[PDB]
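Shown next: my_file.cif, given as mmCIF, C-alpha atoms and all ligand atoms.
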```
data_model
#
loop_
_atom_site.label_atom_id
_atom_site.label_comp_id
_atom_site.auth_asym_id
_atom_site.auth_seq_id
_atom_site.Cartn_x
_atom_site.Cartn_y
_atom_site.Cartn_z
CA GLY A 1 0.00 0.00 0.00
CA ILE A 2 1.61 4.08 -0.41
CA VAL A 3 1.15 3.91 2.97
CA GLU A 4 3.62 1.20 2.84
CA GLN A 5 6.20 3.29 -0.12
CA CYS A 6 6.41 7.29 0.70
CA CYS A 7 5.84 6.60 4.05
CA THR A 8 8.67 4.29 3.94
CA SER A 9 11.48 7.31 1.61
CA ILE A 10 11.14 11.03 0.26
CA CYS A 11 9.87 11.57 -2.50
CA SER A 12 11.58 14.99 -4.86
CA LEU A 13 9.10 16.96 -5.99
CA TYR A 14 9.74 14.73 -8.68
CA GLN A 15 8.74 10.94 -6.71
CA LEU A 16 5.27 12.00 -4.87
CA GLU A 17 4.49 12.96 -7.81
CA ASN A 18 4.42 8.82 -8.23
CA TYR A 19 0.74 8.02 -5.83
CA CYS A 20 -1.07 10.70 -7.13
CA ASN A 21 -3.74 9.48 -8.81
CA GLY B 1 7.79 42.14 -4.87
CA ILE B 2 6.19 38.00 -4.10
CA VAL B 3 2.79 38.66 -1.75
CA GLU B 4 2.02 41.41 -3.89
CA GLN B 5 2.84 38.92 -6.34
CA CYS B 6 0.90 35.17 -4.53
CA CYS B 7 -2.27 35.60 -1.83
CA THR B 8 -4.98 35.98 -3.40
CA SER B 9 -4.05 33.84 -6.17
CA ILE B 10 -2.54 30.41 -5.84
CA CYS B 11 1.53 30.63 -7.08
CA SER B 12 2.53 27.11 -8.33
CA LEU B 13 5.63 25.68 -7.83
CA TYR B 14 8.07 27.67 -10.88
CA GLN B 15 7.17 31.28 -9.83
CA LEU B 16 7.57 30.53 -6.76
CA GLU B 17 11.22 29.67 -8.08
CA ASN B 18 12.65 33.72 -9.39
CA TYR B 19 12.30 34.62 -6.20
CA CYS B 20 14.70 31.95 -5.58
CA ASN B 21 18.46 33.49 -5.42
CA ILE C 2 -18.62 14.88 1.78
CA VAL C 3 -16.23 18.67 0.62
CA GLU C 4 -19.32 20.30 0.11
CA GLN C 5 -21.85 18.10 3.05
CA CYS C 6 -19.70 18.44 5.32
CA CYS C 7 -17.48 22.34 4.08
CA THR C 8 -20.73 23.92 4.19
CA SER C 9 -22.56 22.20 7.55
CA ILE C 10 -21.42 20.17 9.88
CA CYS C 11 -21.99 15.94 9.58
CA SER C 12 -23.11 13.11 12.37
CA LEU C 13 -21.46 9.84 12.71
CA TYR C 14 -24.70 7.47 12.12
CA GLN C 15 -24.13 9.95 9.25
CA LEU C 16 -20.12 9.92 8.29
CA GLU C 17 -21.06 5.66 9.08
CA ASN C 18 -22.85 5.57 6.59
CA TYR C 19 -19.12 6.73 4.20
CA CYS C 20 -17.39 3.60 5.07
CA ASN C 21 -15.98 1.01 3.65
CA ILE D 2 -8.04 7.32 23.30
CA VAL D 3 -3.95 7.51 21.96
CA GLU D 4 -4.26 3.41 22.91
CA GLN D 5 -7.50 2.27 21.81
CA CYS D 6 -6.66 4.95 19.05
CA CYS D 7 -2.59 6.22 17.85
CA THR D 8 -1.21 2.60 17.97
CA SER D 9 -4.20 0.84 16.74
CA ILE D 10 -6.94 2.08 15.53
CA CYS D 11 -10.43 3.00 17.30
CA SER D 12 -13.52 2.71 16.00
CA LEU D 13 -15.98 5.54 16.51
CA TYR D 14 -18.66 2.75 19.11
CA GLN D 15 -15.88 2.52 20.70
CA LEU D 16 -14.49 6.77 20.13
CA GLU D 17 -18.35 7.19 21.44
CA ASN D 18 -18.28 5.75 24.54
CA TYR D 19 -15.72 9.33 24.54
CA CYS D 20 -18.16 11.87 23.96
CA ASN D 21 -20.32 13.79 26.41
CA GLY E 1 -18.07 30.85 21.76
CA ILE E 2 -14.23 31.20 19.85
CA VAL E 3 -14.98 30.21 16.96
CA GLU E 4 -16.84 33.48 17.06
CA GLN E 5 -13.85 36.02 17.76
CA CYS E 6 -10.54 35.14 15.50
CA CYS E 7 -12.06 34.00 13.03
CA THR E 8 -13.15 37.68 12.35
CA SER E 9 -9.72 40.22 12.37
CA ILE E 10 -6.42 38.67 12.52
CA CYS E 11 -5.62 38.13 15.46
CA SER E 12 -1.86 39.52 15.66
CA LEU E 13 -0.41 36.96 17.37
CA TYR E 14 -1.74 38.79 20.20
CA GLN E 15 -5.45 38.05 19.96
CA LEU E 16 -5.26 33.98 19.47
CA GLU E 17 -3.97 33.78 22.21
CA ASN E 18 -7.61 34.44 24.13
CA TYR E 19 -9.19 30.35 23.86
CA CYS E 20 -6.66 28.46 24.99
CA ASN E 21 -7.95 26.32 28.13
CA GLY F 1 20.94 27.92 7.22
CA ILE F 2 16.94 27.28 8.88
CA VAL F 3 16.15 23.18 8.40
CA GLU F 4 18.91 22.29 9.75
CA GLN F 5 17.62 24.43 12.39
CA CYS F 6 13.58 23.20 13.11
CA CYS F 7 12.73 19.37 12.08
CA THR F 8 12.92 16.76 14.66
CA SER F 9 12.40 19.05 17.22
CA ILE F 10 9.42 21.25 17.58
CA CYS F 11 10.67 25.47 16.60
CA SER F 12 8.53 28.00 18.55
CA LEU F 13 7.53 31.38 17.24
CA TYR F 14 10.52 33.85 17.90
CA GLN F 15 13.15 31.63 16.17
CA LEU F 16 11.58 31.65 13.57
CA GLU F 17 11.91 35.88 13.26
CA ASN F 18 15.98 36.33 12.34
CA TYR F 19 15.78 35.27 9.28
CA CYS F 20 13.75 38.32 8.82
CA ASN F 21 16.01 41.73 6.52
CA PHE G 1 -9.07 30.48 -4.05
CA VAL G 2 -6.76 30.40 -1.96
CA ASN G 3 -9.94 29.66 0.91
CA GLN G 4 -11.51 25.93 -0.01
CA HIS G 5 -7.80 25.08 -1.02
CA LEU G 6 -7.33 25.49 2.06
CA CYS G 7 -11.13 23.22 3.56
CA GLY G 8 -10.33 19.97 1.67
CA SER G 9 -7.11 19.95 2.86
CA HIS G 10 -9.60 19.31 6.14
CA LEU G 11 -12.34 16.40 5.30
CA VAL G 12 -9.50 14.18 3.94
CA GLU G 13 -8.47 14.20 6.88
CA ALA G 14 -12.45 12.97 8.75
CA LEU G 15 -13.18 9.80 6.87
CA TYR G 16 -9.92 8.52 7.21
CA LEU G 17 -11.52 8.12 10.59
CA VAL G 18 -15.38 6.57 10.71
CA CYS G 19 -14.66 3.85 8.42
CA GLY G 20 -11.96 2.00 9.43
CA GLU G 21 -10.75 -1.33 7.91
CA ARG G 22 -13.61 -1.31 6.31
CA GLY G 23 -11.60 2.48 4.48
CA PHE G 24 -12.90 5.05 2.52
CA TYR G 25 -11.71 7.08 -0.66
CA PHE G 26 -11.17 11.24 -1.81
CA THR G 27 -11.44 13.26 -4.73
CA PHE H 1 7.71 14.27 19.06
CA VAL H 2 7.46 16.14 16.21
CA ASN H 3 5.54 12.64 15.31
CA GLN H 4 2.45 12.36 18.24
CA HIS H 5 2.59 16.53 17.60
CA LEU H 6 2.18 16.05 14.51
CA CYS H 7 -0.83 12.71 15.74
CA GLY H 8 -2.77 14.99 18.04
CA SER H 9 -2.52 17.91 15.56
CA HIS H 10 -4.38 15.02 14.01
CA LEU H 11 -7.14 13.33 17.02
CA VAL H 12 -8.21 17.00 17.64
CA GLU H 13 -8.68 17.58 14.55
CA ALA H 14 -10.89 13.57 15.05
CA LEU H 15 -13.25 13.93 18.24
CA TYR H 16 -13.90 17.51 16.99
CA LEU H 17 -15.41 15.42 14.83
CA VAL H 18 -17.37 11.94 16.96
CA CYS H 19 -19.03 13.62 19.76
CA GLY H 20 -20.52 16.51 18.24
CA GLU H 21 -22.66 18.90 20.34
CA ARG H 22 -22.34 16.84 23.14
CA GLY H 23 -18.32 18.24 22.34
CA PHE H 24 -15.93 16.46 23.75
CA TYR H 25 -13.20 17.76 25.34
CA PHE H 26 -9.36 17.43 23.89
CA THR H 27 -7.60 17.50 26.32
CA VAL I 2 -18.03 25.40 8.54
CA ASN I 3 -15.03 28.86 8.12
CA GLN I 4 -15.93 28.72 11.53
CA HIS I 5 -16.06 24.59 11.81
CA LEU I 6 -12.29 25.16 9.50
CA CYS I 7 -10.74 28.41 10.86
CA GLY I 8 -12.32 26.09 13.96
CA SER I 9 -10.04 23.27 12.86
CA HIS I 10 -6.54 26.22 11.82
CA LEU I 11 -7.81 27.80 14.77
CA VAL I 12 -8.13 24.16 16.73
CA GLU I 13 -4.47 23.76 14.84
CA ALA I 14 -2.92 27.79 15.26
CA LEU I 15 -4.85 27.05 18.67
CA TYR I 16 -3.42 23.53 18.80
CA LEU I 17 0.31 25.76 17.42
CA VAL I 18 -0.13 29.17 19.12
CA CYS I 19 -2.08 27.11 22.20
CA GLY I 20 0.11 24.11 22.35
CA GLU I 21 -0.92 21.22 25.19
CA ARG I 22 -3.80 23.12 26.93
CA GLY I 23 -6.12 22.25 24.91
CA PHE I 24 -8.70 24.47 24.38
CA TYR I 25 -12.61 24.72 25.31
CA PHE I 26 -14.58 23.04 23.18
CA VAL J 2 -0.88 3.59 13.39
CA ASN J 3 2.50 6.27 11.28
CA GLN J 4 1.04 4.62 8.88
CA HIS J 5 -2.56 5.68 10.18
CA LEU J 6 -0.84 9.74 10.33
CA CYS J 7 1.79 9.81 7.22
CA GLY J 8 -1.30 8.37 5.96
CA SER J 9 -2.94 11.60 7.01
CA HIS J 10 0.52 14.33 5.15
CA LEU J 11 0.69 12.07 2.57
CA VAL J 12 -2.98 12.35 2.33
CA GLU J 13 -2.16 16.49 2.43
CA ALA J 14 1.39 16.82 -0.10
CA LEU J 15 -0.39 14.43 -1.99
CA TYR J 16 -3.24 16.71 -1.61
CA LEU J 17 -0.34 20.24 -2.96
CA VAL J 18 2.02 18.43 -5.34
CA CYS J 19 -0.88 16.23 -6.49
CA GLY J 20 -2.66 19.60 -6.83
CA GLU J 21 -6.01 18.88 -7.88
CA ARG J 22 -5.23 15.10 -8.75
CA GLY J 23 -6.30 13.39 -5.45
CA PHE J 24 -5.35 9.91 -4.26
CA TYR J 25 -6.89 5.87 -2.78
CA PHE J 26 -6.12 5.31 0.20
CA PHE K 1 -5.67 41.17 6.70
CA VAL K 2 -7.25 37.18 8.15
CA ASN K 3 -7.16 35.86 5.11
CA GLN K 4 -3.20 37.50 3.72
CA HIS K 5 -2.44 35.88 6.45
CA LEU K 6 -4.46 31.95 6.16
CA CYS K 7 -2.68 32.32 2.78
CA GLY K 8 0.90 33.58 3.30
CA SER K 9 0.30 30.11 5.51
CA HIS K 10 -0.32 27.66 3.07
CA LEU K 11 2.79 30.12 0.57
CA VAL K 12 5.40 29.72 2.32
CA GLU K 13 4.01 25.44 2.83
CA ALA K 14 4.43 25.58 -0.54
CA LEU K 15 8.34 27.83 -1.54
CA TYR K 16 9.33 25.42 0.65
CA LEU K 17 8.23 22.13 -0.90
CA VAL K 18 9.61 24.03 -4.09
CA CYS K 19 13.21 26.32 -4.00
CA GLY K 20 14.44 23.08 -2.78
CA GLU K 21 18.02 23.97 -2.18
CA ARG K 22 18.96 27.88 -3.91
CA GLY K 23 16.06 28.95 -1.40
CA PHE K 24 14.55 32.50 -1.61
CA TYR K 25 14.10 36.03 -0.17
CA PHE K 26 10.31 36.80 1.11
CA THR K 27 9.57 40.71 1.08
CA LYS K 28 5.71 40.72 2.77
CA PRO K 29 5.09 44.53 1.72
CA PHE L 1 14.63 12.51 3.95
CA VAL L 2 10.51 11.70 4.91
CA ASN L 3 10.15 12.78 8.10
CA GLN L 4 12.62 16.51 7.03
CA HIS L 5 10.77 17.12 4.69
CA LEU L 6 7.11 16.39 7.12
CA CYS L 7 8.68 18.72 9.18
CA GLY L 8 10.32 21.96 6.66
CA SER L 9 6.66 21.84 6.18
CA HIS L 10 5.12 22.42 9.52
CA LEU L 11 8.47 25.33 9.38
CA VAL L 12 8.12 27.79 6.82
CA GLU L 13 4.12 27.47 8.49
CA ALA L 14 5.17 28.62 11.28
CA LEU L 15 8.08 31.88 9.46
CA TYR L 16 5.54 33.24 7.98
CA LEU L 17 2.96 33.39 11.15
CA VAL L 18 5.73 35.04 12.64
CA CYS L 19 8.19 37.89 9.98
CA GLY L 20 5.38 39.21 8.76
CA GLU L 21 7.05 42.75 6.62
CA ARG L 22 10.80 42.70 6.71
CA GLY L 23 11.33 39.52 4.84
CA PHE L 24 13.60 36.80 5.46
CA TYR L 25 16.94 35.14 4.29
CA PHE L 26 18.37 31.47 4.50
CL CL M 1 -8.07 27.38 6.05
CL CL M 2 2.85 14.32 10.58
ZN ZN M 3 -6.74 25.92 6.51
ZN ZN M 4 1.62 15.72 10.03
#
```
Can the structure in the file be given as structure tokens, please?
Ligand SMILES: [Cl-]
Ligand SMILES: [Cl-]
Ligand SMILES: [Zn+2]
Ligand SMILES: [Zn+2]
Amino acid sequence: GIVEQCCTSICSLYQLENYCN
Amino acid sequence: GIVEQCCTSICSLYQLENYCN
Amino acid sequence: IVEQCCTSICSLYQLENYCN
Amino acid sequence: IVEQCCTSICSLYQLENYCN
Amino acid sequence: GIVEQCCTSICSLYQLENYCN
Amino acid sequence: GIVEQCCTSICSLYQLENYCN
Amino acid sequence: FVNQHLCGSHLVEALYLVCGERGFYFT
Amino acid sequence: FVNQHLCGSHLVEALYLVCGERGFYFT
Amino acid sequence: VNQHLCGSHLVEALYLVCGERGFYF
Amino acid sequence: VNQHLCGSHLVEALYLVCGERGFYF
Amino acid sequence: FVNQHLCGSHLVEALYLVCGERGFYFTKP
Amino acid sequence: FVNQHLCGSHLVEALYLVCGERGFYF
């Protein structure tokens, strides 16, 4: 789950960008 | 100057960047 | 719910209902 | 509440027994 | 109640201060 | 510079003011 | 506006809560 | 803990919500 | 609800400017 | 649980970077 | 000025997520 | 870098409540 991925390392502006819908 | 320039209307992430040094 | 609940406040029998 | 609810999670029947 | 008071002028920092328990 | 200064530990209001010109 | 930008940031937050395991979802 | 500071910033924001009129106190 | 939200920035600037006390609610 | 609260900032950055986009939680 | 202010709140949440490392100068006029 | 970043966030929240007209550096 995301909960499990970005809550596990930081995302750049550039990686958060990854769970957005 | 930036407030004159971002509070009533939303600044995105780039603009926000000139005011960068 | 942005609007049901950003314009009046909602109950829990009521927010119960917004699960699962 | 932080026990029934920050390390596991509470339900509201249970969060309700916390209201007035 | 509070919700009534600071939510009307800003409260400089000074005025928020009034609802704390 | 300021991050280094405020993230693991909570910063209160006055610290924050130096960085002010 | 800068104002509702700001309110949603808020409800996201409420459902996370009532539903539980059972979850919930936010657009 | 910037982390439970940051969790209660969050439960306050939650009972505000469950108890309604009856309030609740967050203490 | 500005009031239920400023009630929540205010329960949060109140929870930040108020810290542990809590507040009457 | 961190996961119940990151779940909550994530739910919010996701909510500024994701801009309008949203997210499933 | 309640609202320059609810805003300058969420602006700065934001220069931050963004100048990344060069940072910036913030004149409030 | 997750949790520095959770936090720079709650920071500049707070610079702003506080500098109000002179601006800031750093
Ligand atoms: Cl707001
Ligand atoms: Cl957090
Ligand atoms: Zn807000
Ligand atoms: Zn948080």
Which residues are near ligand ZN 3 (chain M) - at most 9 Å, using only C-alpha atoms and all ligand atoms? Format: as a CSV table (one decimal) with C-alpha atoms, keeping the file's coordinate frame.
```
chain,number,residue,atom,x,y,z
G,3,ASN,CA,-9.9,29.7,0.9
G,4,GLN,CA,-11.5,25.9,0.0
G,5,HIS,CA,-7.8,25.1,-1.0
G,6,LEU,CA,-7.3,25.5,2.1
G,7,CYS,CA,-11.1,23.2,3.6
G,8,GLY,CA,-10.3,20.0,1.7
G,9,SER,CA,-7.1,20.0,2.9
G,10,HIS,CA,-9.6,19.3,6.1
I,3,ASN,CA,-15.0,28.9,8.1
I,6,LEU,CA,-12.3,25.2,9.5
I,7,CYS,CA,-10.7,28.4,10.9
I,9,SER,CA,-10.0,23.3,12.9
I,10,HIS,CA,-6.5,26.2,11.8
I,11,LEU,CA,-7.8,27.8,14.8
I,13,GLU,CA,-4.5,23.8,14.8
K,6,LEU,CA,-4.5,32.0,6.2
K,7,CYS,CA,-2.7,32.3,2.8
K,9,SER,CA,0.3,30.1,5.5
K,10,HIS,CA,-0.3,27.7,3.1
```
* Working over all C-alpha atoms in order, superimpose chain A onto chain E by least squares and state the RMSD in Å. =>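 After least-squares fitting, the two copies differ by 1.1 Å C-alpha RMSD.
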* Starting from the point (-1.5, 13.5, -3.1), work out which residues of protein, DNA or RNA have an atom no more than 9 Å away when counting all atoms listed in the file; state them as a list in words. =>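 The requested residues, written out, are residues 16, 17, 19, 20 and 21 of chain A; 10, 11, 12, 13, 14, 15, 16, 17, 18, 19, 20, 21, 22, 23 and 24 of chain J.
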Can you move chain J onto chain I by a least-squares fit over all C-alpha atoms paired in order, then give me the moved copy as a CSV table (one decimal) with C-alpha atoms, keeping the file's coordinate frame?
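Once everything was written out, this is superposed37.csv:
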```
chain,number,residue,atom,x,y,z
J,2,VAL,CA,-19.6,26.1,8.0
J,3,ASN,CA,-15.7,28.8,8.1
J,4,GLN,CA,-16.7,28.6,11.2
J,5,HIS,CA,-17.0,24.7,11.0
J,6,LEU,CA,-13.0,24.9,9.2
J,7,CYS,CA,-11.3,28.1,11.2
J,8,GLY,CA,-12.8,26.0,13.7
J,9,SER,CA,-10.6,23.2,12.5
J,10,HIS,CA,-6.7,26.0,12.3
J,11,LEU,CA,-7.9,27.5,15.2
J,12,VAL,CA,-8.4,24.1,16.6
J,13,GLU,CA,-4.4,23.5,15.2
J,14,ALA,CA,-2.5,27.3,16.2
J,15,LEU,CA,-4.4,26.9,19.1
J,16,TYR,CA,-3.1,23.5,19.1
J,17,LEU,CA,1.2,25.4,18.5
J,18,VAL,CA,0.9,28.7,20.3
J,19,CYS,CA,-1.4,27.0,22.9
J,20,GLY,CA,1.4,24.4,23.0
J,21,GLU,CA,0.3,21.8,25.2
J,22,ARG,CA,-2.7,24.0,26.7
J,23,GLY,CA,-5.6,22.7,24.5
J,24,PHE,CA,-8.9,24.4,24.0
J,25,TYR,CA,-13.5,23.9,24.1
J,26,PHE,CA,-14.8,24.0,21.3
```
* Compute the post-superposition RMSD of the C-alpha atoms of chain H relative to chain G, with atoms paired in order and the fit done by least squares. =>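 The superposed chains show a C-alpha RMSD of 1.1 Å.
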* To do: To one decimal in Å, tell me the separation between CA of residue 18 (chain H) and CA of residue 3 (chain D).
  => 15.0 Å
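When every C-alpha of chain C is superposed on its counterpart in chain D by least squares, the root-mean-square deviation equals 1.1 Å.
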* Polymer residues at most 12 Å from (-12.1, 36.1, 19.3) by only C-alpha atoms, as number ranges by chain -> E: 1-20; I: 4, 7-8, 11, 15
* Gap from atom ZN of ligand ZN 4 (chain M) to CA of residue 26 (chain J) - Å, one decimal ->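 About the pair atom ZN of ligand ZN 4 (chain M) and CA of residue 26 (chain J): they are 16.3 Å apart.
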* CA of residue 11 (chain L) to CA of residue 26 (chain H): how many Å, to one decimal? ->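 Computing it gives 24.3 Å between the two atoms.
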* Using all atoms listed in the file, find which residues of chain K lie within 9 Å of chain E and jot them down as a ChimeraX atom specification. => /K:1-3,5
Which residues of chain D sit at most 10 Å from chain J, using all atoms listed in the file? Give each one's shortest atom pair and distance in Å (one decimal place), in chain and ascending residue order, as JSON lines.
```
{"residue": "D:3", "atom": "CA", "partner": "J:2", "partner_atom": "CA", "distance": 9.9}
{"residue": "D:6", "atom": "CA", "partner": "J:2", "partner_atom": "CA", "distance": 8.2}
{"residue": "D:7", "atom": "CA", "partner": "J:2", "partner_atom": "CA", "distance": 5.5}
{"residue": "D:8", "atom": "CA", "partner": "J:2", "partner_atom": "CA", "distance": 4.7}
{"residue": "D:9", "atom": "CA", "partner": "J:2", "partner_atom": "CA", "distance": 5.5}
{"residue": "D:10", "atom": "CA", "partner": "J:2", "partner_atom": "CA", "distance": 6.6}
```
For C-alpha atoms, I'd like the residues from the last selection saved as a compact mmCIF listing (two decimals), in the frame of the given file.
```txt
# COMPACT_ATOMS: atom_id res chain seq x y z
CA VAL D 3 -3.95 7.51 21.96
CA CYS D 6 -6.66 4.95 19.05
CA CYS D 7 -2.59 6.22 17.85
CA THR D 8 -1.21 2.60 17.97
CA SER D 9 -4.20 0.84 16.74
CA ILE D 10 -6.94 2.08 15.53
```
* To do: Might you pull out every residue within 10 Å of residue 17 (chain G), with all atoms listed in the file counted and same-chain residues fewer than 6 positions away left off, and present them as an NGL selection string?
  => (:C and (16-17 or 20)) or (:D and (10-13)) or (:G and (11 or 23-24)) or (:H and (11 or 14-15 or 17-18)) or (:J and (5 or 9))
Output C-alpha atoms for every residue in that selection, as a tab-separated table (two decimals), keeping the file's coordinate frame.
```
chain	number	residue	atom	x	y	z
C	16	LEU	CA	-20.12	9.92	8.29
C	17	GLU	CA	-21.06	5.66	9.08
C	20	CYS	CA	-17.39	3.60	5.07
D	10	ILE	CA	-6.94	2.08	15.53
D	11	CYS	CA	-10.43	3.00	17.30
D	12	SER	CA	-13.52	2.71	16.00
D	13	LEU	CA	-15.98	5.54	16.51
G	11	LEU	CA	-12.34	16.40	5.30
G	23	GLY	CA	-11.60	2.48	4.48
G	24	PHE	CA	-12.90	5.05	2.52
H	11	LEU	CA	-7.14	13.33	17.02
H	14	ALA	CA	-10.89	13.57	15.05
H	15	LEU	CA	-13.25	13.93	18.24
H	17	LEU	CA	-15.41	15.42	14.83
H	18	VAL	CA	-17.37	11.94	16.96
J	5	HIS	CA	-2.56	5.68	10.18
J	9	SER	CA	-2.94	11.60	7.01
```
* Asked: In terms of the shortest atom-to-atom distance over only C-alpha atoms, which of K:29, K:23, K:4, K:16 is closest to residue 23 (chain L)?
  -> K:29
